[PDB]
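Novice: What follows is structure_12.cif, made up of mmCIF, C-alpha atoms and all ligand atoms; chains and numbers go by the auth columns:
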```
data_input
loop_
_atom_site.group_PDB
_atom_site.id
_atom_site.type_symbol
_atom_site.label_atom_id
_atom_site.label_comp_id
_atom_site.label_asym_id
_atom_site.label_seq_id
_atom_site.Cartn_x
_atom_site.Cartn_y
_atom_site.Cartn_z
_atom_site.B_iso_or_equiv
_atom_site.auth_seq_id
_atom_site.auth_asym_id
ATOM 1 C CA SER A 1 -32.732 -33.120 -20.758 0.00 22 L
ATOM 2 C CA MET A 2 -29.789 -30.736 -21.021 0.00 23 L
ATOM 3 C CA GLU A 3 -29.753 -31.290 -24.798 0.00 24 L
ATOM 4 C CA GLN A 4 -33.359 -30.063 -25.068 0.00 25 L
ATOM 5 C CA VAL A 5 -32.475 -26.962 -23.038 0.00 26 L
ATOM 6 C CA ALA A 6 -29.471 -26.236 -25.270 0.00 27 L
ATOM 7 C CA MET A 7 -31.730 -26.601 -28.320 0.00 28 L
ATOM 8 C CA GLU A 8 -34.208 -24.181 -26.797 0.00 29 L
ATOM 9 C CA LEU A 9 -31.449 -21.667 -26.089 0.00 30 L
ATOM 10 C CA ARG A 10 -30.447 -21.918 -29.756 0.00 31 L
ATOM 11 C CA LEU A 11 -34.060 -21.394 -30.859 0.00 32 L
ATOM 12 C CA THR A 12 -34.347 -18.444 -28.473 0.00 33 L
ATOM 13 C CA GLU A 13 -31.160 -16.979 -29.914 0.00 34 L
ATOM 14 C CA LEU A 14 -32.422 -17.459 -33.467 0.00 35 L
ATOM 15 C CA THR A 15 -35.674 -15.751 -32.473 0.00 36 L
ATOM 16 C CA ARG A 16 -33.691 -12.791 -31.141 0.00 37 L
ATOM 17 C CA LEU A 17 -31.785 -12.441 -34.424 0.00 38 L
ATOM 18 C CA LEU A 18 -34.966 -12.825 -36.493 0.00 39 L
ATOM 19 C CA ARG A 19 -36.726 -10.184 -34.401 0.00 40 L
ATOM 20 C CA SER A 20 -33.935 -7.781 -35.376 0.00 41 L
ATOM 21 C CA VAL A 21 -34.193 -8.848 -39.038 0.00 42 L
ATOM 22 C CA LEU A 22 -37.984 -8.396 -38.980 0.00 43 L
ATOM 23 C CA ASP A 23 -37.661 -4.890 -37.555 0.00 44 L
ATOM 24 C CA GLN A 24 -35.113 -3.974 -40.206 0.00 45 L
ATOM 25 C CA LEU A 25 -37.337 -5.336 -42.978 0.00 46 L
ATOM 26 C CA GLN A 26 -40.414 -3.528 -41.717 0.00 47 L
ATOM 27 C CA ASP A 27 -38.473 -0.240 -41.622 0.00 48 L
ATOM 28 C CA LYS A 28 -38.215 -0.648 -45.392 0.00 49 L
ATOM 29 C CA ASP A 29 -42.044 -0.360 -45.469 0.00 50 L
ATOM 30 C CA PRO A 30 -42.623 3.148 -44.124 0.00 51 L
ATOM 31 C CA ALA A 31 -46.025 3.300 -45.859 0.00 52 L
ATOM 32 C CA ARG A 32 -47.082 0.285 -43.733 0.00 53 L
ATOM 33 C CA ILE A 33 -48.575 -1.349 -46.814 0.00 54 L
ATOM 34 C CA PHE A 34 -47.478 -4.745 -45.462 0.00 55 L
ATOM 35 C CA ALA A 35 -48.050 -4.196 -41.736 0.00 56 L
ATOM 36 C CA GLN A 36 -51.379 -6.033 -41.488 0.00 57 L
ATOM 37 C CA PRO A 37 -53.328 -8.790 -43.269 0.00 58 L
ATOM 38 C CA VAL A 38 -55.165 -7.618 -46.354 0.00 59 L
ATOM 39 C CA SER A 39 -58.686 -6.998 -45.000 0.00 60 L
ATOM 40 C CA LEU A 40 -61.234 -9.490 -46.331 0.00 61 L
ATOM 41 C CA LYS A 41 -63.917 -6.879 -45.607 0.00 62 L
ATOM 42 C CA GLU A 42 -62.340 -4.313 -47.896 0.00 63 L
ATOM 43 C CA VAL A 43 -61.058 -6.910 -50.371 0.00 64 L
ATOM 44 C CA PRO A 44 -63.743 -9.643 -50.206 0.00 65 L
ATOM 45 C CA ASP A 45 -62.428 -11.687 -53.170 0.00 66 L
ATOM 46 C CA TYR A 46 -58.796 -11.684 -52.005 0.00 67 L
ATOM 47 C CA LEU A 47 -58.701 -15.370 -51.085 0.00 68 L
ATOM 48 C CA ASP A 48 -59.885 -16.266 -54.597 0.00 69 L
ATOM 49 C CA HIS A 49 -56.573 -14.803 -55.764 0.00 70 L
ATOM 50 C CA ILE A 50 -54.110 -15.463 -52.992 0.00 71 L
ATOM 51 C CA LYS A 51 -54.046 -18.878 -51.328 0.00 72 L
ATOM 52 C CA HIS A 52 -51.506 -18.102 -48.602 0.00 73 L
ATOM 53 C CA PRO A 53 -51.785 -14.518 -47.314 0.00 74 L
ATOM 54 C CA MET A 54 -48.945 -13.100 -45.230 0.00 75 L
ATOM 55 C CA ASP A 55 -48.073 -9.791 -43.566 0.00 76 L
ATOM 56 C CA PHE A 56 -45.643 -8.416 -40.974 0.00 77 L
ATOM 57 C CA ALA A 57 -48.084 -8.683 -38.030 0.00 78 L
ATOM 58 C CA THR A 58 -48.737 -12.342 -38.748 0.00 79 L
ATOM 59 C CA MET A 59 -44.982 -13.001 -39.056 0.00 80 L
ATOM 60 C CA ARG A 60 -44.388 -11.269 -35.742 0.00 81 L
ATOM 61 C CA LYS A 61 -47.031 -13.412 -34.024 0.00 82 L
ATOM 62 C CA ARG A 62 -45.360 -16.584 -35.263 0.00 83 L
ATOM 63 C CA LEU A 63 -41.964 -15.144 -34.352 0.00 84 L
ATOM 64 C CA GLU A 64 -42.752 -14.459 -30.697 0.00 85 L
ATOM 65 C CA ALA A 65 -44.208 -17.944 -30.335 0.00 86 L
ATOM 66 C CA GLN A 66 -40.764 -19.149 -31.509 0.00 87 L
ATOM 67 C CA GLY A 67 -42.449 -20.595 -34.593 0.00 88 L
ATOM 68 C CA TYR A 68 -39.531 -20.147 -36.993 0.00 89 L
ATOM 69 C CA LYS A 69 -37.162 -23.123 -36.663 0.00 90 L
ATOM 70 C CA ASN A 70 -34.618 -21.718 -39.132 0.00 91 L
ATOM 71 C CA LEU A 71 -33.995 -18.684 -41.366 0.00 92 L
ATOM 72 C CA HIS A 72 -35.417 -20.442 -44.408 0.00 93 L
ATOM 73 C CA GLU A 73 -38.911 -20.653 -42.860 0.00 94 L
ATOM 74 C CA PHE A 74 -38.761 -16.938 -42.007 0.00 95 L
ATOM 75 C CA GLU A 75 -37.618 -16.072 -45.527 0.00 96 L
ATOM 76 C CA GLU A 76 -40.464 -18.143 -46.999 0.00 97 L
ATOM 77 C CA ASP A 77 -42.998 -15.969 -45.177 0.00 98 L
ATOM 78 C CA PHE A 78 -41.233 -12.730 -46.202 0.00 99 L
ATOM 79 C CA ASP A 79 -41.243 -13.878 -49.819 0.00 100 L
ATOM 80 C CA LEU A 80 -44.985 -14.577 -49.525 0.00 101 L
ATOM 81 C CA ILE A 81 -45.629 -10.969 -48.565 0.00 102 L
ATOM 82 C CA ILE A 82 -43.780 -9.729 -51.633 0.00 103 L
ATOM 83 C CA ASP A 83 -44.932 -12.366 -54.113 0.00 104 L
ATOM 84 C CA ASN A 84 -48.628 -12.195 -53.157 0.00 105 L
ATOM 85 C CA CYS A 85 -48.537 -8.449 -53.656 0.00 106 L
ATOM 86 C CA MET A 86 -46.863 -8.593 -57.046 0.00 107 L
ATOM 87 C CA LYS A 87 -49.549 -11.045 -58.258 0.00 108 L
ATOM 88 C CA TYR A 88 -52.606 -9.362 -56.843 0.00 109 L
ATOM 89 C CA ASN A 89 -51.659 -5.827 -57.825 0.00 110 L
ATOM 90 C CA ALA A 90 -50.732 -4.516 -61.278 0.00 111 L
ATOM 91 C CA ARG A 91 -47.297 -3.064 -62.070 0.00 112 L
ATOM 92 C CA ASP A 92 -48.501 0.520 -62.190 0.00 113 L
ATOM 93 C CA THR A 93 -49.800 0.508 -58.609 0.00 114 L
ATOM 94 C CA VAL A 94 -48.310 1.890 -55.414 0.00 115 L
ATOM 95 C CA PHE A 95 -48.741 -1.612 -53.953 0.00 116 L
ATOM 96 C CA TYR A 96 -46.719 -3.459 -56.563 0.00 117 L
ATOM 97 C CA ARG A 97 -43.990 -0.820 -56.507 0.00 118 L
ATOM 98 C CA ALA A 98 -43.793 -0.975 -52.724 0.00 119 L
ATOM 99 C CA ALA A 99 -43.268 -4.736 -52.930 0.00 120 L
ATOM 100 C CA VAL A 100 -40.415 -4.304 -55.442 0.00 121 L
ATOM 101 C CA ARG A 101 -38.674 -1.773 -53.199 0.00 122 L
ATOM 102 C CA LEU A 102 -39.148 -3.981 -50.136 0.00 123 L
ATOM 103 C CA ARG A 103 -37.710 -6.972 -51.993 0.00 124 L
ATOM 104 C CA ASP A 104 -34.682 -5.055 -53.231 0.00 125 L
ATOM 105 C CA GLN A 105 -33.889 -3.373 -49.913 0.00 126 L
ATOM 106 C CA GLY A 106 -34.642 -6.475 -47.854 0.00 127 L
ATOM 107 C CA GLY A 107 -32.238 -8.669 -49.798 0.00 128 L
ATOM 108 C CA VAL A 108 -29.332 -6.707 -48.352 0.00 129 L
ATOM 109 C CA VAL A 109 -30.541 -7.438 -44.826 0.00 130 L
ATOM 110 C CA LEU A 110 -31.285 -11.094 -45.519 0.00 131 L
ATOM 111 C CA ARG A 111 -27.907 -11.575 -47.170 0.00 132 L
ATOM 112 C CA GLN A 112 -26.108 -10.666 -43.950 0.00 133 L
ATOM 113 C CA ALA A 113 -28.660 -12.488 -41.771 0.00 134 L
ATOM 114 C CA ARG A 114 -27.819 -15.739 -43.559 0.00 135 L
ATOM 115 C CA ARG A 115 -24.120 -15.187 -42.889 0.00 136 L
ATOM 116 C CA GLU A 116 -24.856 -14.502 -39.194 0.00 137 L
ATOM 117 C CA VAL A 117 -27.087 -17.533 -38.709 0.00 138 L
ATOM 118 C CA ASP A 118 -24.430 -19.725 -40.341 0.00 139 L
ATOM 119 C CA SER A 119 -21.542 -18.066 -38.493 0.00 140 L
ATOM 120 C CA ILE A 120 -23.015 -18.091 -34.986 0.00 141 L
ATOM 121 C CA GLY A 121 -24.416 -21.528 -35.812 0.00 142 L
ATOM 122 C CA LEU A 122 -28.017 -20.838 -34.836 0.00 143 L
ATOM 123 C CA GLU A 123 -29.223 -23.822 -36.877 0.00 144 L
HETATM 124 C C1 LIG B . -57.654 -1.436 -47.639 0.00 201 B
HETATM 125 O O1 LIG B . -56.321 -1.168 -47.221 0.00 201 B
HETATM 126 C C2 LIG B . -55.283 -1.844 -47.807 0.00 201 B
HETATM 127 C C3 LIG B . -55.479 -2.716 -48.858 0.00 201 B
HETATM 128 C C4 LIG B . -54.398 -3.397 -49.432 0.00 201 B
HETATM 129 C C5 LIG B . -53.121 -3.197 -48.925 0.00 201 B
HETATM 130 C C6 LIG B . -52.932 -2.318 -47.853 0.00 201 B
HETATM 131 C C7 LIG B . -53.991 -1.641 -47.292 0.00 201 B
HETATM 132 O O2 LIG B . -53.798 -0.786 -46.237 0.00 201 B
HETATM 133 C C8 LIG B . -52.509 -0.660 -45.646 0.00 201 B
HETATM 134 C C9 LIG B . -51.906 -3.894 -49.483 0.00 201 B
HETATM 135 N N1 LIG B . -52.258 -4.786 -50.585 0.00 201 B
HETATM 136 C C10 LIG B . -51.491 -5.879 -50.793 0.00 201 B
HETATM 137 C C11 LIG B . -50.342 -6.143 -49.867 0.00 201 B
HETATM 138 O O3 LIG B . -51.740 -6.638 -51.724 0.00 201 B
HETATM 139 C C12 LIG B . -53.402 -4.472 -51.441 0.00 201 B
HETATM 140 C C13 LIG B . -54.643 -4.338 -50.585 0.00 201 B
#
```
What is this file in structure tokens?
Specialist:
Amino acid sequence: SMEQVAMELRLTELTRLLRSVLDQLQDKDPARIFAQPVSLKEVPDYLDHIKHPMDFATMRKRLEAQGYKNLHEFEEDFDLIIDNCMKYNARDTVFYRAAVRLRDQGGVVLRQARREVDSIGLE
């Protein structure tokens, strides 16, 4: 149907905006602490601690398969990256501190992304 096509154009547009958001967020991680899944070879007990792992590579895979239906679902995954890290690692670690900085700097980006999604009506 034409309606289904229109929907898919909207999803494609959202995906384009979210790709830009994701790039901007990952720039705020120059250490690449959050670029890849935490390795279960180097951290074998990780899944005992964290029930829903997330990282930028995994987000990007879902993104390019148009797997985010709205900004909220994307934000959920971003929050998982930050929140998992702040649980697993202690406050005095480079990991925890990197998560705080990512959260603080990313909020700026996400604040405007929400306005843009609403404004352009991508949902
Ligand atoms: C072995 O290598 C790494 C280990 C970890 C991280 C990053 C790494 O390399 C980039 C990040 N971490 C998080 C997000 O909890 C702690 C574990």
Novice: Select, counting all atoms listed in the file, all protein, DNA and RNA residues no farther than 9 Å from (-39.0, -16.4, -27.6) in file coordinates, and express the selection as a tab-separated table (two decimals) with C-alpha atoms, keeping the file's coordinate frame.
Specialist:
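out-v2.tsv, written as the output of this step:
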```
chain	number	residue	atom	x	y	z
L	32	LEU	CA	-34.06	-21.39	-30.86
L	33	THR	CA	-34.35	-18.44	-28.47
L	34	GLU	CA	-31.16	-16.98	-29.91
L	35	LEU	CA	-32.42	-17.46	-33.47
L	36	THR	CA	-35.67	-15.75	-32.47
L	37	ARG	CA	-33.69	-12.79	-31.14
L	84	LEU	CA	-41.96	-15.14	-34.35
L	85	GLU	CA	-42.75	-14.46	-30.70
L	86	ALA	CA	-44.21	-17.94	-30.34
L	87	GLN	CA	-40.76	-19.15	-31.51
L	88	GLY	CA	-42.45	-20.60	-34.59
```
Novice: For a quick check of understanding, using all atoms listed in the file, which of L:131, L:119, L:28, L:54 has the smallest distance to residue 97 (chain L)?
Specialist: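 Under the stated criterion, the closest residue is L:131.
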Novice: I need the residue nearest residue 96 (chain L) from this list: L:134, L:29, L:108, L:64. Use all atoms listed in the file for the distance.
Specialist: L:134
Novice: Can you turn the PyMOL selection byres (((chain L and resi 128) around 12) and not hetatm) into a concrete residue list for this file, as a PyMOL selection string?
Specialist: chain L and resi 42+45-46+49+96+99-100+103+121-127+129-135
Novice: Can you spit out the residues from that selection as a PDB file, in the frame of the given file, using C-alpha atoms?
Specialist:
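The resulting result35.pdb:
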```
ATOM      1  CA  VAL L  42     -34.193  -8.848 -39.038  1.00  0.00           C
ATOM      2  CA  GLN L  45     -35.113  -3.974 -40.206  1.00  0.00           C
ATOM      3  CA  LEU L  46     -37.337  -5.336 -42.978  1.00  0.00           C
ATOM      4  CA  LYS L  49     -38.215  -0.648 -45.392  1.00  0.00           C
ATOM      5  CA  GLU L  96     -37.618 -16.072 -45.527  1.00  0.00           C
ATOM      6  CA  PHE L  99     -41.233 -12.730 -46.202  1.00  0.00           C
ATOM      7  CA  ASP L 100     -41.243 -13.878 -49.819  1.00  0.00           C
ATOM      8  CA  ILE L 103     -43.780  -9.729 -51.633  1.00  0.00           C
ATOM      9  CA  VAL L 121     -40.415  -4.304 -55.442  1.00  0.00           C
ATOM     10  CA  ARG L 122     -38.674  -1.773 -53.199  1.00  0.00           C
ATOM     11  CA  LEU L 123     -39.148  -3.981 -50.136  1.00  0.00           C
ATOM     12  CA  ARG L 124     -37.710  -6.972 -51.993  1.00  0.00           C
ATOM     13  CA  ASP L 125     -34.682  -5.055 -53.231  1.00  0.00           C
ATOM     14  CA  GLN L 126     -33.889  -3.373 -49.913  1.00  0.00           C
ATOM     15  CA  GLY L 127     -34.642  -6.475 -47.854  1.00  0.00           C
ATOM     16  CA  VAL L 129     -29.332  -6.707 -48.352  1.00  0.00           C
ATOM     17  CA  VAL L 130     -30.541  -7.438 -44.826  1.00  0.00           C
ATOM     18  CA  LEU L 131     -31.285 -11.094 -45.519  1.00  0.00           C
ATOM     19  CA  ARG L 132     -27.907 -11.575 -47.170  1.00  0.00           C
ATOM     20  CA  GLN L 133     -26.108 -10.666 -43.950  1.00  0.00           C
ATOM     21  CA  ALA L 134     -28.660 -12.488 -41.771  1.00  0.00           C
ATOM     22  CA  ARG L 135     -27.819 -15.739 -43.559  1.00  0.00           C
TER      23      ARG L 135
END
```
Novice: What is the distance, in Å and to one decimal place, between CA of residue 142 (chain L) and CA of residue 27 (chain L)?
Specialist: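 Taking CA of residue 142 (chain L) and CA of residue 27 (chain L), their separation equals 12.6 Å.
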Novice: Would you please work out which residue, of L:43, L:38, L:115, L:120, is nearest to residue 82 (chain L) when using all atoms listed in the file?
Specialist: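 With all atoms listed in the file as the atom set, the closest residue is L:43.
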Novice: So which one's closest to ligand LIG 201 (chain B), L:95, L:137, L:30, L:104? Using all atoms listed in the file, please.
Specialist: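 Nearest to ligand LIG 201 (chain B): L:104.
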Novice: Rounded to one decimal, what separation in Å do you get between CA of residue 117 (chain L) and atom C11 of ligand LIG 201 (chain B)?
Specialist: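 Straight-line distance from CA of residue 117 (chain L) to atom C11 of ligand LIG 201 (chain B) works out to 8.1 Å.
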Novice: Could you state the separation of CA of residue 44 (chain L) and CA of residue 25 (chain L) in Å, given to one decimal place?
Specialist: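 Taking CA of residue 44 (chain L) as the start and CA of residue 25 (chain L) as the end point, the length is 28.4 Å.
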Novice: Can you write out as JSON lines which residues of chain L fall within 6 Å of ligand LIG 201 (chain B), alongside each residue's closest atom pair and its distance in Å to one decimal, counting all atoms listed in the file and ordering rows by chain and ascending residue number?
Specialist:
```
{"residue": "L:53", "atom": "CA", "partner": "B:LIG201", "partner_atom": "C8", "distance": 5.8}
{"residue": "L:54", "atom": "CA", "partner": "B:LIG201", "partner_atom": "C8", "distance": 4.2}
{"residue": "L:55", "atom": "CA", "partner": "B:LIG201", "partner_atom": "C11", "distance": 5.4}
{"residue": "L:59", "atom": "CA", "partner": "B:LIG201", "partner_atom": "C4", "distance": 5.3}
{"residue": "L:63", "atom": "CA", "partner": "B:LIG201", "partner_atom": "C1", "distance": 5.5}
{"residue": "L:106", "atom": "CA", "partner": "B:LIG201", "partner_atom": "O3", "distance": 4.2}
{"residue": "L:109", "atom": "CA", "partner": "B:LIG201", "partner_atom": "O3", "distance": 5.9}
{"residue": "L:116", "atom": "CA", "partner": "B:LIG201", "partner_atom": "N1", "distance": 5.8}
```
Novice: Let's have the selection written as an mmCIF file, in the coordinates of the input, with C-alpha atoms.
Specialist:
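Just written: out_22.cif:
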```cif
data_model
loop_
_atom_site.group_PDB
_atom_site.id
_atom_site.type_symbol
_atom_site.label_atom_id
_atom_site.label_comp_id
_atom_site.auth_asym_id
_atom_site.auth_seq_id
_atom_site.Cartn_x
_atom_site.Cartn_y
_atom_site.Cartn_z
ATOM 1 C CA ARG L 53 -47.082 0.285 -43.733
ATOM 2 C CA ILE L 54 -48.575 -1.349 -46.814
ATOM 3 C CA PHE L 55 -47.478 -4.745 -45.462
ATOM 4 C CA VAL L 59 -55.165 -7.618 -46.354
ATOM 5 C CA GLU L 63 -62.340 -4.313 -47.896
ATOM 6 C CA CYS L 106 -48.537 -8.449 -53.656
ATOM 7 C CA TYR L 109 -52.606 -9.362 -56.843
ATOM 8 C CA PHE L 116 -48.741 -1.612 -53.953
#
```
